[PDB]
Q: 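This is the structure, below, for whatever I ask next.
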Number of protein chains: 2
Amino acid sequence: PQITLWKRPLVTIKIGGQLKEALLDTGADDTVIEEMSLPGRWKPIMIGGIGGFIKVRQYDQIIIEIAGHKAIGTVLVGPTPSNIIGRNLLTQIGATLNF
Amino acid sequence: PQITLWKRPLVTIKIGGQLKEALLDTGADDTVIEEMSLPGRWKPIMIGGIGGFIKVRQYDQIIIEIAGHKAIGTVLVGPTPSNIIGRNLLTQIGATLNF
Ligand SMILES: CCCC[C@H](NC(=O)[C@H](C)NC(=O)[C@H](CCC(=O)O)NC(=O)[C@H](Cc1ccccc1)NC[C@H](CC(C)C)NC(=O)[C@@H](NC(=O)[C@@H](N)CCCNC(N)=[NH2+])C(C)C)C(N)=O
């Protein structure tokens with residue numbers, strides 16, 4: 001599909017057995033999901049953006065479906081203002097920017 | 001062009017007649033440039049990012065060239081981690097996400 005940018009590019013994702021809406025973010029290196037109780041081990045890390053840093057839990061090899069496209073990779077979980085799909089997963093679903 | 005996302009989608013911009021590098025950011029509503037002298041009038045506002053809110057200067061109707069495509073619109077100037085081209089100008093250059 002093709003997504004125009006008149007409004008925020010939000011799509012449905014499936015992660016941890018839950019459906020969520022998430023923002024496709026070419027300006028995000030990483031994928032950040034709003035606080036949810038994902039199982040298993042994780043690593044504390046801090047991520048940066050506008051406004052400063054926040055503390056997140058880094059989970060590896062998490063299964064995630066993005067607009068119907070399966071992906072698997074590192075997902076960061078914590079108090080983000082939006083679920084964000086970043087380049088680490090956008091590359092796996094073959095997303096490009098075009099103009 | 002078509003831009004893949006294995007690296008940050010950085011392009012050349014011209015603003016105030018000066019060349020800069022900026023990130024194409026589909027997760028940004030607005031366009032935010034590092035502190036610079038810029039011709040035109042401005043007003044102070046607040047914008048939020050992943051880590052919190054910052055003060056920026058809002059300039060309207062600013063000419064900006066992005067990867068050799070013309071845009072004219074609102075540019076926010078302030079202490080951002082990166083120059084960012086957001087949806088307000090990505091729509092002007094006809095950018096879409098594709099997968
Ligand atoms: C796995 C190792 C991680 C290492 C870690 N990496 C990072 O921190 C990397 C560089 N950060 C980033 O890439 C982060 C996303 C988080 C992430 O991917 O990790 N990107 C970002 O935060 C980029 C800007 C940026 C680019 C490059 C560098 C820094 C910053 N913007 C993304 C962000 C998405 C939004 C949901 C918060 N957009 C914005 O912040 C834009 N804001 C807006 O559009 C506002 N109008 C919305 C207000 C909020 N309101 C609300 N929810 N009601 C702003 C740029 C105008 C590190 N460096 O410590």
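In what follows, every heavy atom counts, from backbone to side chain, and hydrogens, waters and symmetry copies are set aside. Proteins get letters first, then strands, A, B, ... in listed order; numbering begins at 1 in each.
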Q: Whether the side chain of B:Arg87 engages the backbone of A:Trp6 through a donor-acceptor N/O pair (distance < 3.5 Å, no angle test) should be reported.
A: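 Checking the backbone N and O of A:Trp6 against the side chain of B:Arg87, a donor-acceptor pair under 3.5 Å is found.
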
Q: Closest approach of A:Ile3 and A:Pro9, non-hydrogen atoms and distance?
A: CG2-CB, 3.8 Å

Q: Looking at A:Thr26 and B:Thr26, would you say the former's side chain and the latter's main chain have a donor-acceptor pair under 3.5 Å?
A: yes

Q: Determine whether A:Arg8 and B:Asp29 make a side-chain contact, defined as any pair of heavy atoms from C-beta on separated by less than 4.5 Å.
A: yes

Q: Taking all non-hydrogen atoms of both residues into account, name the closest pair between B:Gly86 and B:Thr31 and its distance.
A: N-OG1, 3.0 Å

Q: Check whether A:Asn83 reaches the backbone of A:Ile33 with its side chain - one donor and one acceptor, N or O, closer than 3.5 Å.
A: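 Not at all, since once roles are kept as given, no pair shorter than 3.5 Å links the two residues.
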
Q: To the nearest 0.5 angstrom, please state how far the CG atom of B:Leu90 sits from the CG atom of A:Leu97.
A: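 The distance works out to 7.0 Å.
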
Q: Under the rule for side chain to side chain donor-acceptor pair (under 3.5 Å), what residues qualify as partners of B:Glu34, not counting sequence neighbours?
A: none

Q: Please find the pair of heavy atoms, one from B:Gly51 and one from A:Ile54, that lie closest to each other, and give the distance.
A: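 That would be CA-CG2, 4.0 Å.
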
Q: Answer yes if A:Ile85 and B:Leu5 sit in the same cluster of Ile, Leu, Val, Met, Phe, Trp and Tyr residues linked by side chain heavy atoms under 4.5 Å apart, and no otherwise.
A: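 Same cluster.
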
Q: Determine whether A:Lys7 and A:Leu10 make a side-chain contact, defined as any pair of heavy atoms from C-beta on separated by less than 4.5 Å.
A: no

Q: Flag yes if B:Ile93 and B:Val75 sit in one hydrophobic cluster, no otherwise; membership is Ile, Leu, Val, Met, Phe, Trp, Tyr, and two members link when side-chain heavy atoms are under 4.5 Å apart.
A: yes

Q: When you measure from the side chain of A:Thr80 to the backbone of A:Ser82, do you find a donor-acceptor pair of N or O atoms at a distance under 3.5 Å?
A: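 Yes, the answer is positive, given that a donor and an acceptor are paired below the 3.5 Å cut-off.
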
Q: Should A:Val56 and A:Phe53 be regarded as members of a common hydrophobic cluster, given that ILVMFWY residues are connected when their side-chain heavy atoms come within less than 4.5 Å of each other, either directly or indirectly?
A: no

Q: For B:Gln2, is there any backbone N or O sitting under 3.5 Å from a side-chain donor or acceptor partner on A:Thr96?
A: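 Judged by distance alone, no pair lies under 3.5 Å.
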
Q: Does B:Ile64 share a hydrophobic cluster with B:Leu38, counting links as ILVMFWY side-chain heavy atoms below 4.5 Å and allowing steps through other members?
A: yes

Q: Can you measure from NZ (B:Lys14) to CD (B:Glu65) and round to the nearest 0.5 angstrom?
A: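 Nearest 0.5 Å value for the NZ-CD distance: 6.0 Å.
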
Q: Tell me, with the steps shown, if A:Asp60 and A:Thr74 meet side chain to side chain donor-acceptor pair (under 3.5 Å).
A: CA-CA 4 Å; A:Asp60 296 322; A:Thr74 298; 2.9 Å; yes

Q: Flag the pair B:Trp42 / B:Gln58 as yes when at least one side-chain heavy-atom distance between them is below 4.5 Å, and no otherwise.
A: no

Q: Is there side-chain contact between A:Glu21 and A:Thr12, with heavy atoms separated by less than 4.5 Å?
A: yes

Q: When A:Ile62 is tested against each of A:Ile15, A:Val77, A:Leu89, A:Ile72 for side chain to side chain contact (heavy atoms under 4.5 Å, CB included), which residue passes?
A: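 Testing A:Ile62 for a side chain to side chain contact (heavy atoms under 4.5 Å, CB included) against A:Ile15, A:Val77, A:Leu89, A:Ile72 leaves exactly one candidate, A:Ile15.
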
Q: Tell me the closest heavy-atom pair linking B:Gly49 and A:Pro81, and the distance in Å.
A: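 Taking B:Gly49 first and A:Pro81 second, the nearest heavy atoms are O-CG, 3.9 Å.
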
Q: Could you check if a side-chain atom of A:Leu76 sits within less than 4.5 angstrom of a side-chain atom of A:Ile47, using non-hydrogen atoms only?
A: yes

Q: On a heavy-atom basis, which atom in A:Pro79 and which in A:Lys55 lie closest, and how many Å separate them?
A: CD-O, 3.4 Å

Q: Name the orientation class of the two ring planes belonging to B:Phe99 and A:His69 (parallel below 30°, tilted from 30 to 60°, perpendicular beyond 60°).
A: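 Answer is perpendicular, since the angle exceeds 60°.
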
Q: In chain order, what residues pass the side chain to side chain donor-acceptor pair (under 3.5 Å) check against A:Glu35, with sequence neighbours excluded?
A: A:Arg57

Q: Give the cluster check for B:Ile66 versus B:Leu23: same hydrophobic cluster or not, with ILVMFWY residues linked at side-chain heavy-atom distances below 4.5 Å.
A: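 No, B:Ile66 does not connect to B:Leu23 through the hydrophobic network.
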
Q: What's the shortest heavy-atom distance between B:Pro39 and B:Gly16, and which atoms?
A: CD-CA, 4.2 Å

Q: Would you please test A:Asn88 and A:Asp30 for side chain to side chain donor-acceptor pair (under 3.5 Å) and show each step?
A: CA-CA 6 Å; A:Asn88 70 309; A:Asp30 309 302; 5.8 Å; no

Q: Within the 4.5 Å heavy-atom criterion, are A:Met36 and A:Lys20 side-chain neighbours or not?
A: yes

